[PDB]
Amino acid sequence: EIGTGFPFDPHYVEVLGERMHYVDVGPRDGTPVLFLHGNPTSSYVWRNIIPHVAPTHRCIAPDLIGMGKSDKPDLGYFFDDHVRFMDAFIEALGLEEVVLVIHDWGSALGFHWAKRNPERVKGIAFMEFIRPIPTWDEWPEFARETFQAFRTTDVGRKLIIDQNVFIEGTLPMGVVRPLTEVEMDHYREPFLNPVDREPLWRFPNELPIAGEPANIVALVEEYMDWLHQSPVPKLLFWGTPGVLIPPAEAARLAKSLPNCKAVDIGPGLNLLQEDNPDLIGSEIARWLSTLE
């Protein structure tokens, strides 16, 4: 059975006058592995993956601002707010060189950072990552009406903020196997208070879809141009049928991205971590092996 426990001792660091939570496990005598979650997860999404990596590499898994066990400041929780706090989280921890393990909005933060800091990235493992969605036709059919409603200051806030539909609906529906009530309760925890749900609603409004928002669309094209031209070692997890990365997209990228390996996880949607953690773990560990 896939583990439901989050046993990890808390760590805290002051970043821009707020306290951010993170997991820190593993030896301090090598290159650290920075795991970045997306919406609407936390470090909890990495709980069954980090045990495969910890024995050889230090594993750092922050909760983005507003999320997991990090403070809940009074921000709009824009993408740019996340960039500011994650930039400072890495400097706050004195990291020089890192390997990145990134997903969804974590892949936006990771690829934006890697583009700005090429010389400090020794590898990127990624899955179900943000690329520009030129029209709604490129967004999956089944997700199309949901996300169109989310992108309204009236209907979106009713669903996500008042009813918490991102947690109760969107989240478990991004997983092929059924999440257990214990799993749901971990993902529920940060967001028991409705006013604390602002980041859950902002992010979908920040997705780069049919040219808007303009600024995110530009930011994401730039890190894609960089990713396409970087020689950095790359490891892409994909599943069938996926959501943000269909199999066809994965195969093209496997072939075109320099120095990139692809690992089919099997049946998979958005949260690949919840469907085959053991393989994601062991492939990351084995891929770290040979970066030496």
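Numbers follow the displayed sequence, beginning with 1.
Higher mean CA temperature factor, per the PDB entry, when comparing 100 to 108 with 128 to 136: 128 to 136. If you average the C-alpha B-factors over 152 to 160 and over 85 to 93, the higher value belongs to 152 to 160.
You'll see in the entry that, of 61, 263, 65, 245, the Cα B factor peaks at 65. In the PDB entry, the Cα temperature factor peaks, among 283, 274, 18, 24, at 18.
Ranked against the other modelled residues of its chain, the C-alpha B-factor of residue 2 as given in the entry falls in the middle third. Among the modelled residues of its chain, residue 229 has a C-alpha B-factor that falls in the highest third according to the deposited record. Annotation for residue 50: C-alpha temperature factor in the lowest third relative to the rest of the modelled chain, per the entry.
Annotation for residue 252: CA B-factor lies in the highest third of the chain's modelled residues. Placement of the Cα temperature factor of residue 205 within the chain: highest third of the modelled residues, per the deposited record.
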